[PDB]
Amino acid sequence: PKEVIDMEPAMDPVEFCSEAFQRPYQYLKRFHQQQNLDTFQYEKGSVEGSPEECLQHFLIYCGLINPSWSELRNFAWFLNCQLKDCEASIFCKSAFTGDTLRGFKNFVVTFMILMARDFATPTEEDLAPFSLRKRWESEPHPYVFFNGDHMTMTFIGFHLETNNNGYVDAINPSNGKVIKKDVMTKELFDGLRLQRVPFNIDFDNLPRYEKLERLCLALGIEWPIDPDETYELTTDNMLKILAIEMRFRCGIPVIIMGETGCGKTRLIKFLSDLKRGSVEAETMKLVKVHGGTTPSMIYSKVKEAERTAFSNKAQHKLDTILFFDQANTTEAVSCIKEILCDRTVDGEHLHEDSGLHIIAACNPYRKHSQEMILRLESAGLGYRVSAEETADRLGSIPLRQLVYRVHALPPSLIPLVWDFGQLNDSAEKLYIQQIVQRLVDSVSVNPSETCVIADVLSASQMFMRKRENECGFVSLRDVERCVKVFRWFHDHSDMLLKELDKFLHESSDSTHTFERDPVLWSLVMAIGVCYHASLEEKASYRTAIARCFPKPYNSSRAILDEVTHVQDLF
Ligand SMILES: Nc1ncnc2c1ncn2[C@@H]1O[C@H](COP(=O)(O)OP(=O)(O)OP(=O)(O)O)[C@@H](O)[C@H]1O
């Protein structure tokens, strides 16, 4: 649109005449100039508005400098869905019968623009179109939703704090951000407190049952039941799940941006089982996408997913989900593009009344450090094909040097990706503790040493992050692979220590003739095998992990001699 307004139609005649554009444009027409929206809107007709001026309105309220037609379509579709929920609620009639809820609808549209800023506004030289992430989940995500079945709403992701001029402003939790001055009138605030709206709630100090009730209301689930409670449900995860649900229930394609460390599959499975509750039908459908996947199997799997989608919907009245993990490593990433962006599989249209939501993932596009590139090229014999002559690149850089071998994400997906988070390590250690308490089975193993195990796991993870390069971003993937290693080492830690003492007695002096913990030595083995085995700067790791170790192995020499002794034992 930005490059047609000057020289000149532009809008689709059948789409302007559609409600998905007429309703947002009608509301924007009434709101651009200042009129009370108490009048009855959405006549189920076509207003005397022009497609050109409609495009002008959506441009001046889209904010981003150079929007494609896809981004305008996303904005308008999202805004239409949200205003449809607003009209479906009895709050317009609530204001009519209250006669003092004035200023409610201007706040409604302003907050709509805010959450649209959230949703339909994203944004090395060749990685610049991809790695340049202006907004992360470490940003304000003000969210409001209208719960269909009942008459209670949910205001998540922000706070309402009394302003100095008598008003109430949007203050984000855990810090001070004073965005959106003068958004509402105090009569709306009074009517809201008359309506007992759950506004300005810090969800970090609310019970699991109550937060699940808040979700089920927000997720529109009636008679909620709690399917899983072994996963911590923080505020940011709530923001993510509501973001996904809004995205795929309004119509926006939902591509997921994040690294392997972040928990994405777990969260979507959580959402799917919350939607399902107790039916035995297969709702979530994981698809493992990898660097040998060709379009035939993706097309076939999507077809079978839509088949099982009819199966679920027609005779269960349920909504299912199909998921793709790291759906970027395939040379057929664009196949995922036509699957999800324009709703067409292998040239065949995907039915909106079938009942199915497609969610795909993506890896972050970032080049390795030159230090580990030297490490790789020096791994004995160098690579067969050098970088200048590698055919499978994305730009001027081979996939061999990237942190994930990921091909160029096609356009019309860049305006769609949105990051889940970097796993800031504030909740990393808690998840590690949960894993090490769930899968170690330490009912009677070590009442307090489990804290030490989790802490040294987090310390090693921080060592991995506190270094310019990493193997493959094995964050929260090597820990859930090494808890099992630790459990195995403890399970056989009985004859191992006996053989250790025998070997050290029959082949060494009295220095290695001391008792060792069945756990701490097992911890030394787990760190030696999962983490200390791979990296080539082992001295630094030995000196930077000896801190979290207790008295027997306070230094690097102790850890090294223990690992070497066990290798010699085997
Ligand atoms: N002039 C227009 N007026 C209204 N909507 C438009 C206009 N042009 C495009 N759109 C909207 O843009 C959306 C995306 O466009 P479309 O799928 O044709 O993109 P594309 O350029 O073919 O995609 P890609 O290059 O990613 O394959 C369509 O669903 C359509 O509704």
# chains A, B, ... in the order shown; residues from 1 in each chain; ligands from 1
call {"tool": "residues_near_ligand", "arguments": {"ligand": "ligand 1", "cutoff": "9 Å", "atoms": "only C-alpha atoms and all ligand atoms", "output": "ChimeraX atom specification"}}
result
/A:1,9-16,21,51,55,68-74,334,337-338,341-343,410-413
call {"tool": "write_last_selection", "arguments": {"atoms": "C-alpha atoms", "output": "CSV table (one decimal), in the first residue's frame"}}
result
chain,number,residue,atom,x,y,z
A,1,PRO,CA,0.0,0.0,0.0
A,9,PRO,CA,-7.4,0.4,-7.0
A,10,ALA,CA,-5.6,-1.0,-4.0
A,11,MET,CA,-8.1,-2.9,-1.8
A,12,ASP,CA,-9.7,-6.1,-2.7
A,13,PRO,CA,-13.3,-5.3,-3.7
A,14,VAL,CA,-14.7,-8.6,-2.2
A,15,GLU,CA,-12.6,-8.1,0.9
A,16,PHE,CA,-13.5,-4.4,1.6
A,21,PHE,CA,-12.6,-5.3,6.8
A,51,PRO,CA,-11.4,1.4,0.3
A,55,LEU,CA,-6.4,1.8,3.7
A,68,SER,CA,2.9,-5.1,3.1
A,69,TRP,CA,-0.7,-6.0,2.3
A,70,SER,CA,-0.3,-9.1,4.5
A,71,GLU,CA,0.5,-7.0,7.5
A,72,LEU,CA,-2.5,-4.8,6.9
A,73,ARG,CA,-4.7,-7.9,6.5
A,74,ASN,CA,-3.3,-9.3,9.8
A,334,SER,CA,8.5,-22.7,2.1
A,337,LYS,CA,4.9,-21.3,4.3
A,338,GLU,CA,2.1,-22.2,1.9
A,341,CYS,CA,0.4,-18.4,5.7
A,342,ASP,CA,-2.2,-18.7,2.9
A,343,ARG,CA,-4.0,-21.9,3.9
A,410,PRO,CA,10.9,-16.9,3.1
A,411,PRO,CA,9.2,-13.5,3.3
A,412,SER,CA,5.6,-13.2,4.5
A,413,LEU,CA,7.0,-15.2,7.4
call {"tool": "closest_atom_pairs", "arguments": {"of": "range 58-138 of chain A", "to": "range 22-33 of chain A", "cutoff": "9 Å", "atoms": "only C-alpha atoms", "output": "CSV"}}
result
residue,atom,partner,partner_atom,distance
A:58,CA,A:25,CA,7.8
A:76,CA,A:24,CA,6.2
A:77,CA,A:24,CA,8.1
A:79,CA,A:24,CA,6.2
A:80,CA,A:24,CA,5.3
A:83,CA,A:24,CA,7.6
A:84,CA,A:23,CA,8.7
A:106,CA,A:31,CA,7.5
A:109,CA,A:31,CA,8.1
call {"tool": "write_last_selection", "arguments": {"atoms": "N, CA and C atoms", "output": "CSV table (one decimal), in the first residue's frame"}}
result
chain,number,residue,atom,x,y,z
A,58,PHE,N,-6.1,2.3,8.2
A,58,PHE,CA,-5.3,1.2,8.7
A,58,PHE,C,-3.8,1.5,8.6
A,76,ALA,N,-6.1,-5.9,10.4
A,76,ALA,CA,-7.6,-5.8,10.3
A,76,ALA,C,-8.3,-7.0,10.8
A,77,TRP,N,-7.8,-8.2,10.5
A,77,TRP,CA,-8.4,-9.5,10.9
A,77,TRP,C,-8.4,-9.6,12.4
A,79,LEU,N,-8.1,-7.1,14.6
A,79,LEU,CA,-9.0,-6.1,15.2
A,79,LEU,C,-10.4,-6.5,15.1
A,80,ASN,N,-10.8,-7.1,13.9
A,80,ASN,CA,-12.2,-7.5,13.7
A,80,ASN,C,-12.6,-8.6,14.7
A,83,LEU,N,-13.0,-7.0,18.2
A,83,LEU,CA,-14.2,-6.2,18.3
A,83,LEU,C,-15.5,-7.1,18.2
A,84,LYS,N,-15.4,-8.2,17.5
A,84,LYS,CA,-16.5,-9.1,17.5
A,84,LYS,C,-16.7,-9.7,18.9
A,106,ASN,N,-13.7,3.9,24.1
A,106,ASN,CA,-12.4,4.5,23.6
A,106,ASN,C,-11.2,3.8,24.3
A,109,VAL,N,-10.8,0.5,22.3
A,109,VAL,CA,-10.1,0.6,21.0
A,109,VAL,C,-8.7,0.9,21.2
call {"tool": "atom_distance", "arguments": {"atom1": "CA of residue 243 in chain A", "atom2": "CA of residue 64 in chain A"}}
result
20.2 Å
call {"tool": "residues_around", "arguments": {"residues": "residue 178 in chain A", "least_positions_apart": "4", "cutoff": "7 Å", "atoms": "only C-alpha atoms", "output": "number ranges by chain"}}
result
A: 169-171
call {"tool": "residues_around", "arguments": {"residues": "residue 351 in chain A", "least_positions_apart": "3", "cutoff": "12 Å", "atoms": "only C-alpha atoms", "output": "VMD selection string"}}
result
chain A and resid 303 306 to 307 309 to 310 339 342 to 345 348 354 to 357
call {"tool": "select_by_dssp", "arguments": {"residues": "range 2-216 of chain A", "states": "alpha helix (DSSP H)", "output": "number ranges by chain"}}
result
A: 13-16, 19-32, 51-62, 69-88, 91-98, 104-119, 128-131, 186-195, 208-216
call {"tool": "closest_residue", "arguments": {"among": "A:446, A:283, A:329, A:513", "to": "residue 499 in chain A", "atoms": "only C-alpha atoms"}}
result
A:513
call {"tool": "atom_distance", "arguments": {"atom1": "CA of residue 255 in chain A", "atom2": "CA of residue 393 in chain A"}}
result
22.4 Å
call {"tool": "closest_residue", "arguments": {"among": "A:38, A:248, A:565, A:129", "to": "residue 92 in chain A", "atoms": "only C-alpha atoms"}}
result
A:38
